[PDB]
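Student: Got a structure for you, written out below as structure tokens; questions coming shortly.
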Ligand code: HEM
Ligand code: HEM
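If you want it as structure tokens, here you go:
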């Protein structure tokens, strides 16, 4: 029977909008979901969305016959620099299906065999950095993880070295990307967007868009001008034809794809690695199990592709980190036609839903009462997990195209870290989660004592 | 560096085979392992296996990239009546993966909420039996535990009442199941099984298979006709679809699954309860601690699901019984590819291993020197145990699908026993372990004096 959904506290004519005027909006929404349950309405001037937290409702939301990907206000703002790349395109735009069909084979599990050597190149740089620290020094974890994941997508994707391990201050492209992302996210919480105060932000936004476009357009133009057949994502985009339309991507869409991949590789996989290491140092029996596996499996001076596929327990660790802190924590959907959600909530065509992934992943009816505990063993027998219960990579045809890339990279790197070092939570670090496009453990530091195991050449 | 492995005494061209021509083969193999150490070769005419006893080697055997489940000769003979049910199927058989995907969510810890009431039905029957004994009487422990466990899987699994507490002699189906298993196990010694001497054995075997098939097929046929929904394992099997293939199980395979569950829920699961109660009566301070927990937690006339989940020390007692006398004490593996075990023992593709679980569980490098002592406190934090050190339910994707079911049932029943009765080892019983498919403390008897605490309705 039909039910009225709950709604969090309001602010007069601003409705719920000021609830997002916080540097930690997803975390605020999680606390609201804890108070209100599996569904709540969230209203702002001119817009309504419904936040879903239960597997029961989210499984219905994931029915692609009833619901399609929506661009949230955040993604609409990100679209000012990521364009109609795969992440910020509507499913019905021609460039979505074109790019999807062209790029899917380049992101497959099979494709990882070809990226593996370049992934190892950057992972060796990380391990060497940490081998070279002095006794009294420590590691800035999200910082080094971001250096690694950005450089890996730059190299594997476009044969471009950001050389982030040679820098304190980020590459200029990244300065502009990060500042562009910050502006996109800050705009969400402004009650008066056109206020004269925000004039200067808008000028900086246009300058950062120009830095990004200029470097990426030059990368593309340089590759076209050289003729080089590097066999990377850029080569595949320049030469590939969509089997369905027979058309290639144009150079402007290629730029948007490249921007999109650099955003992804800076923002998400780095957070996964950071959270994984956080949980490992907070759960030393789990760390022991992962380290024992790394030692047993990674028998050669550098890891092979086959060896990375052998690291089951490291995979379980990564999935359990994705469970607790999925680093792209929300995705949006719209109702394709009028429909009733969960037998109880009537929706009209066009109505928006938000899937709160960290809450889905804390659904006690699925996972049990111990949802805050870090237990990789939850994933030991993967078929035990119900359908649509675990969605850190989104849903259906609009799921993360980078999933195999992220998993392979993270498994490789975490395996190598655990083979080469013991870790100490020397500050007894208190988890503090910063929110940008994604989630990361801000200020997370550790000490790493080398096991003094030689590392092979690249 | 490459070692030759030890081998127990041989009998000319019969090799090691006569060592298993004994009433207690697992216990013989344990003694061989004490003599020979972590690995030994066992040869019979036409075959070889290697028995493993250390965590150091078993952790490698449990690497699913390197080794998969093998059907031992015993499981090949059980397959004559358990078919391609989950326990007697190869991982590469379509019906293994289909049934695995369909059934696993119905055996989860969360699924136990739905079975709990039916489990209580049978547990109340056990408690009422014991409340109704006269002062001069005693309890035949494995016999009553088997009545409980069989009836619980019958009721929870397919809404069938064996009514074992209304009988002295087994239900006709069970007579046939036990005699089929006996025949399967006896066939392990027979040199020329096509000898006319065994014609009656073959006739009896076919008759026993017919008894089991007729009942189970009728159960299935009766349910399909009615359209009755019971939320039980049969309902799930009739309606469920494998997410991967999109196919349901066929009726023949469902029958094999039901036969398989009945085998499992008989003495394999009742052995846990029997050994647990044995160890409790032999360790009165442990019994007292467990009884104190039961009294503190089980404050209502019948136990709730949540209350059973609070019986931590009862669960520790059960784990410690599984440590010493795991009731499915060995499992078989085969090498997927050529590989070296432990840096020392080269194996070829197809080579077989046997994991001797009771010996694994006595590895002093893992458990310390006191491995024969019954100390439930070893399990205060099960996360402290290394990977592949405590394996009473097997390994990985071929682990026991019934683990949560068995543990929940055993915790519930043992908690109620400890709430309702004091126990006396009135005969000072000498442990005598009978071997079939499983292990049982044969002849174990106790007296139970009622605490005279009322029991609720079902
Ligand atoms: C742990 C790491 C990652 C996580 C958790 C993650 C998560 C997600 C999620 C949840 C979506 C769906 C978004 C929505 O529905 O609005 C998505 C889409 C996407 N991700 Fe990722 N991602 C990760 C890594 C990557 C990487 C490494 C790349 C590329 C190199 C990438 C590229 C994309 C793209 C292109 C899409 C859009 C796909 C489409 O709609 O066609 N991601 N990701
Ligand atoms: C204390 C009780 C039990 C113990 C110690 C036990 C132990 C085991 C072990 C060691 C295996 C792996 C066998 C191998 O690798 O060859 C296994 C498999 C299995 N067990 Fe159990 N079990 C118990 C209770 C149950 C119950 C109650 C059920 C069902 C009602 C069940 C159903 C199964 C099934 C279907 C498999 C095959 C799983 C697969 O390969 O997909 N077991 N059990």
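Residue numbers (PDB author numbering), protein chains in the order written: chain A, 1 to 458; chain B, 1 to 458.
In this text, a Cβ means the ideal position worked out from N, Cα and C, and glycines have one as well.
Can you check which of these residues, A:191, A:226, A:256, A:349, is closest to residue 215 of chain A by C-alpha distance?
Tutor: A:256
Student: Output the distance between the C-alpha atoms of residue 410 of chain A and residue 333 of chain A, rounded to the nearest integer angstrom.
Tutor: 28 Å
Student: Excluding five sequence neighbours on each side, which residues of the same chain lie with their C-beta closer than 7 Å to the C-beta of residue 350 of chain A?
Tutor: 334, 335
Student: Which one of A:197, A:338, A:84 has the shortest CA to CA distance from residue 96 of chain A?
Tutor: A:84
Student: I want to verify the contact list: residues of chain A whose CB lies under 7 Å from the CB of residue 100 of chain B, in sequence order.
Tutor: 383
Student: Distance check for residue 80 of chain A and residue 178 of chain A, CA to CA, integer angstroms please.
Tutor: 14 Å
Student: Identify each residue in the segment 101–121 of chain B for which the Cβ-Cβ distance to at least one residue of chain A is less than 7 Å, and report them in chain order.
Tutor: 101, 104, 105, 108, 109, 110
Student: Compute the distance between the beta-carbons of residue 445 of chain A and residue 138 of chain A, then report whether it is under 7 Å.
Tutor: yes
Student: Note down, in chain order, each residue of its chain lying with its Cβ closer than 7 Å to the Cβ of residue 58 of chain B, except the 5 sequence neighbours on either side.
Tutor: Result list for residue 58 of chain B: 52, 355, 360, 388, in chain order.
Student: Beta carbon of residue 152 of chain B, beta carbon of residue 119 of chain B: below 7 Å?
Tutor: yes
Student: Is residue 289 of chain A close to chain B, meaning its C-beta is less than 7 Å from at least one C-beta of that chain?
Tutor: yes
Student: For residue 164 of chain A, list the residues DSSP reports as bridge partners.
Tutor: Residue 164 of chain A is not bridged to any residue.
Student: Taking only runs of the alpha helix (DSSP H) that begin and end inside the segment 325–401 of chain A, which ones reach a length of at least 4 residues, in chain order?
Tutor: 357–360, 364–367
Student: List, in order along the chain, the chain A residues whose C-beta lies closer than 9 Å to that of residue 53 of chain B?
Tutor: The premise fails here: residue 53 of chain B is roughly 18 Å from chain A at the closest Cβ pair, so nothing lies under 9 Å.
Student: Starting from residue 386 of chain B, find everything on chain A with Cβ-Cβ shorter than 9 Å and list it in chain order.
Tutor: 285, 288, 289, 292
Student: Whose C-alpha, out of B:69, B:106, B:295, is nearest the C-alpha of residue 242 of chain B?
Tutor: B:106
Student: When we look at the beta-carbon of residue 329 of chain B and count the other beta-carbons within 10 Å, is it buried (16 or more) or exposed?
Tutor: buried
Student: Does the distance from the C-beta atom of residue 26 of chain B to that of residue 458 of chain B stay below 7 Å?
Tutor: No. Outside cutoff.
Student: Decide yes or no for the touch test of the segment 161–168 of chain B against the segment 186–197 of chain B: beta carbon pairs closer than 8 Å, at least 3 of them.
Tutor: no
Student: Go through the residues and name those whose CB comes closer than 6 Å to any heavy atom of ligand 2, in chain order.
Tutor: Selection output, chain order preserved: B:69, B:86, B:87, B:100, B:153, B:260, B:261, B:264, B:265, B:268, B:269, B:272, B:326, B:327, B:328, B:331, B:392, B:393, B:394, B:398, B:400, B:401, B:402, B:405, B:406.
Student: Expressed to the nearest angstrom, what Euclidean distance is found between the alpha-carbon atoms of residue 403 of chain B and residue 248 of chain A?
Tutor: 53 Å
Student: Cα-Cα, which of B:129, B:111, B:18 is closest to residue 231 of chain B?
Tutor: If we check each option's Cα against that of residue 231 of chain B, B:111 comes out closest.
Student: Give a yes or no on contact between the segment 376–392 of chain B and the segment 299–319 of chain B, applying the rule of three or more CB pairs nearer than 8 Å.
Tutor: With the rule of 3 Cβ pairs closer than 8 Å, the segment 376–392 of chain B counts as touching the segment 299–319 of chain B.
Student: Residues of the segment 216–249 of chain B in Cβ contact with chain A at a cutoff of 8 Å, in chain order, please.
Tutor: So the list reads 243, given in the order they occur along the chain.
Student: Within 10 angstroms of the Cβ of residue 270 of chain A, are there 16 or more other Cβ atoms? Answer buried if so, exposed if not.
Tutor: buried
Student: Measuring CB to CB, does residue 463 of chain B end up less than 7 Å from residue 176 of chain B?
Tutor: A query on residue 463 of chain B cannot be resolved here, the shown segment of chain B reaching from 1 to 458 and no further.
Student: Rounded C-beta distance between residue 426 of chain A and residue 447 of chain A? I'm assuming under 8 Å.
Tutor: 5 Å
Student: Would you verify that the beta carbon of residue 315 of chain A is, or is not, closer than 7 Å to some beta carbon of chain B?
Tutor: Taking 7 Å as the threshold, the shortest C-beta distance from residue 315 of chain A to chain B does not fall below it.
Student: Using a Cβ-Cβ cut-off of 8 Å (strictly less than) and excluding sequence neighbours within five positions of residue 33 of chain B, which residues of its own chain qualify?
Tutor: 40, 51, 53, 356, 359
Student: Cutting at 6 Å between CB atoms, please list the residues of its own chain near residue 264 of chain B, excluding the five before and the five after it.
Tutor: Cβ within range, chain order: 402.
Student: Counting only runs of 4+ residues fully inside the segment 201–225 of chain B, write out the alpha helix (DSSP H) ranges in chain order.
Tutor: If we require 4 residues or more, the segment 201–225 of chain B turns out to have no alpha helix (DSSP H) run fully inside it.
Student: Can you tell which of A:35, A:91, A:128, A:114 has the C-alpha that lies nearest to the C-alpha of residue 449 of chain A?
Tutor: A:128
Student: Check the Cβ of residue 366 of chain A against every Cβ in chain B and list those closer than 8 Å, keeping chain order.
Tutor: 110
Student: Grab me the residues of residue 418 of chain A's own chain with a C-beta within less than 7 Å of its C-beta, minus the 5 sequence neighbours each way, in chain order.
Tutor: 290, 291, 294
Student: Rounded to whole angstroms, how far is the Cβ of residue 298 of chain A from the Cβ of residue 415 of chain A, which I believe are closer than 8 Å?
Tutor: 6 Å
Student: So residue 380 of chain A contacts chain B; which residues on that side make the cut at Cβ distance below 9 Å?
Tutor: In chain order, 396, 397, 399 make up the part of chain B whose C-beta sits under 9 Å from the C-beta of residue 380 of chain A.
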